[PDB]
Amino acid sequence: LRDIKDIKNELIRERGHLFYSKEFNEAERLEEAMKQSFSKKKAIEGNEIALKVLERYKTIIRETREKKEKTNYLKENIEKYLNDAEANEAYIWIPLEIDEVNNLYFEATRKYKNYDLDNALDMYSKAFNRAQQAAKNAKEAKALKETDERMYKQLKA
């Protein structure tokens, strides 16, 4: 029963209750029922309900943590591929592709800040895809330009 206090407080610290408001409300109602059983001195029934209260809180914690990991991975790797795109003249050849990545990352962060985790993950993923596409297109445009000047040079001299 002190386990539940400890798990529920950790969940609050990670804002699990705001990312998963419907499921947190459900787990609080189940916690209330558990208390009532103990009040009415039904300790078998109470203990049976306490194991599910525990498990429900542990699920919000684990899912919150796993989605945060994925968000971190997507944000760090968007950055890495924009860097690589920019080393390949992305601001010369495809500046509006770089803007679209940055704007998808901006719109993903607002969703994340209104505690809408799955839609934030959806849009960070869409920004990561366009980051990869941008890096590739920038390499291709750079190689092509280079090639078309080594030919323009040789058809002048």
Side-chain angles (χ1 to χ4, degrees), residues 3-32 34 49-157:
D3 293 320
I4 300 182
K5 192 214 162 144
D6 290 345
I7 293 288
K8 189 181 186 179
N9 278 326
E10 174 184 3
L11 192 154
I12 307 317
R13 293 199 304 271
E14 315 290 344
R15 293 190 154 103
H17 60 291
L18 293 183
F19 292 122
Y20 282 93
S21 66
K22 179 184 183 286
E23 293 84 5
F24 183 77
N25 160 65
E26 278 153 21
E28 285 208 302
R29 286 172 69 48
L30 193 70
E31 188 185 355
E32 178 60 24
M34 173 190 84
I49 296 164
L51 292 171
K52 274 150 184 323
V53 174
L54 187 55
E55 183 196 317
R56 293 293 168 263
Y57 287 145
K58 281 185 149 185
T59 299
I60 293 163
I61 291 186
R62 181 184 17 83
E63 211 95 10
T64 296
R65 259 150 208 190
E66 277 166 2
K67 285 155 191 290
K68 284 193 183 154
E69 269 169 46
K70 286 192 205 156
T71 285
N72 294 349
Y73 185 89
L74 289 169
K75 286 167 66 198
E76 164 167 344
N77 285 282
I78 284 162
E79 193 195 26
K80 172 212 157 173
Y81 282 86
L82 286 179
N83 280 359
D84 289 351
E86 284 162 20
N88 283 288
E89 299 180 23
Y91 270 110
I92 317 292
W93 308 119
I94 48 162
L96 294 169
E97 300 193 37
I98 300 294
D99 178 57
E100 191 52 26
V101 179
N102 295 331
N103 190 70
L104 287 165
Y105 175 126
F106 181 76
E107 292 302 313
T109 301
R110 334 159 51 78
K111 275 160 142 77
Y112 185 89
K113 272 167 186 176
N114 306 334
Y115 302 107
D116 178 7
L117 201 42
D118 292 317
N119 290 118
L121 219 47
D122 171 282
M123 207 163 220
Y124 279 131
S125 287
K126 162 62 184 232
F128 186 36
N129 175 80
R130 294 271 250 109
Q132 287 156 281
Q133 182 78 53
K136 170 183 151 78
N137 289 341
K139 268 190 264 199
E140 287 183 17
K142 187 172 177 286
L144 161 80
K145 179 49 171 254
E146 239 139 282
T147 281
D148 283 11
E149 295 329 278
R150 110 165 170 193
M151 189 53 71
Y152 177 91
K153 261 311 224 300
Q154 203 211 356
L155 287 190
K156 191 56 158 295

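When reading the values below, keep in mind they use all heavy atoms of this one structure, side chains included, and skip hydrogens, waters and symmetry mates. Throughout, numbering of the chain's residues begins at 1 and tracks the sequence.
- Salt-bridge annotation for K145 and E89: absent, with no side-chain N of the basic residue lying under 4.0 Å from a carboxylate O of the acidic one.
- The distance from the CZ atom of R15 to the NE2 atom of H17 is 8.0 Å, given to the nearest 0.5 Å.
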Ring pair (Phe, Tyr, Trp, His ring centres under 6.0 Å) assessment of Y115 paired with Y20: CA-CA 8 Å; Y115 302 107; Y20 282 93; over 10 Å; no
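- Closest heavy-atom contact between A127 and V101: O-CG1, 3.8 Å.
- The CZ atom of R65 sits 9.5 Å away from the CD atom of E69 when rounded to the nearest 0.5 Å.
- At a threshold of 4.0 Å, the pair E76-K80 does not count as salt-bridged, since none of the basic side-chain nitrogens sits closer than that to a carboxylate oxygen.
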Start with the C-alpha gap between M34 and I4, add the side-chain angles, then the distance that decides, and say whether side chain to side chain contact (heavy atoms under 4.5 Å, CB included) holds. CA-CA 11 Å; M34 173 190 84; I4 300 182; 3.8 Å; yes
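- Annotation for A120 and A108: closest pair CB-O, 3.4 Å, computed over non-hydrogen atoms.
- Within the 3.5 Å criterion, the main-chain N or O of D84 finds a donor-acceptor partner in the side chain of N88.
- Shortest non-hydrogen contact noted between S125 and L74 is OG-CD1, 3.6 Å.
- One finds the CG atom of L54 at 11.0 Å from the CG atom of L30 (value rounded to the nearest 0.5 Å).
- Heavy atoms of other residues, nucleotides or ligands lying less than 6.0 angstrom from OH of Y91 number more than 12.
- Using cut-offs of 30° and 60° on the angle between ring planes, the pair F19 and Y112 is tilted.
- None of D118, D116, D122 except one satisfies the salt bridge (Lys or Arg N to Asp or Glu O under 4.0 Å) rule with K67; the exception is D118.
- The shortest distance between side-chain heavy atoms of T147 and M151 does not fall below 4.5 Å.
- Exactly one residue among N119, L104, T71 makes a side chain to side chain contact (heavy atoms under 4.5 Å, CB included) with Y124. That residue is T71.
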Does the salt bridge (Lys or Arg N to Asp or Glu O under 4.0 Å) test come out yes or no for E140 and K136, once each step is laid out? CA-CA 6 Å; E140 287 183 17; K136 170 183 151 78; 3.1 Å; yes
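- In the model, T59 has no side-chain atom that pairs as donor or acceptor with a side-chain atom of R56 under 3.5 Å.
- Of all heavy-atom pairs spanning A85 and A138, the tightest one is O-CB, 3.7 Å.
- Side chains of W93 and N137 form no contact here, defined as non-hydrogen atoms less than 4.5 Å apart.
- Contact check on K111 versus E107 returns no salt bridge, with no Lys/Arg side-chain nitrogen under 4.0 Å from an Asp/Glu carboxylate oxygen.
- Taking CG from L82 and CD1 from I98, the interatomic distance works out to 5.0 Å, rounded to the nearest 0.5 Å.
- Between the side chain of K68 and the backbone N or O of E14, at least one donor-acceptor pair lies under 3.5 Å.
- For CD of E149, the number of neighbouring non-hydrogen atoms (other residues, nucleotides, ligands) closer than 6.0 Å is greater than 12.
- Between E26 and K22, some side-chain heavy-atom pair lies under the 4.5 Å cut-off.
- For the atom pair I49 CD1 and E32 CD, the distance stands at 11.0 Å (nearest 0.5 Å).
- Judged purely by atom type and a 3.5 angstrom limit, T64 uses its side chain to pair as donor or acceptor with the backbone of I60.
- The only option from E10, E28, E23 that meets the side chain to side chain contact (heavy atoms under 4.5 Å, CB included) definition with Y57 turns out to be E28.
- Considering all non-hydrogen atoms of both residues, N77 and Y73 come closest at ND2-O, 2.8 Å.
- Under a cut-off of 6.0 angstrom, the local environment of CD in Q154 is sparse, with at most 12 non-hydrogen atoms contributed by other residues, nucleotides or ligands.
- With rounding to the nearest 0.5 Å, the separation of CD1 in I61 from NZ in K58 is 8.5 Å.
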I'd like to know whether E66 forms a salt bridge (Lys or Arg N to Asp or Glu O under 4.0 Å) with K70, so could you lay out the CA-CA distance, the side-chain angles of the two residues, the decisive distance to 0.1 Å, and finally the verdict. CA-CA 6 Å; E66 277 166 2; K70 286 192 205 156; over 6 Å; no
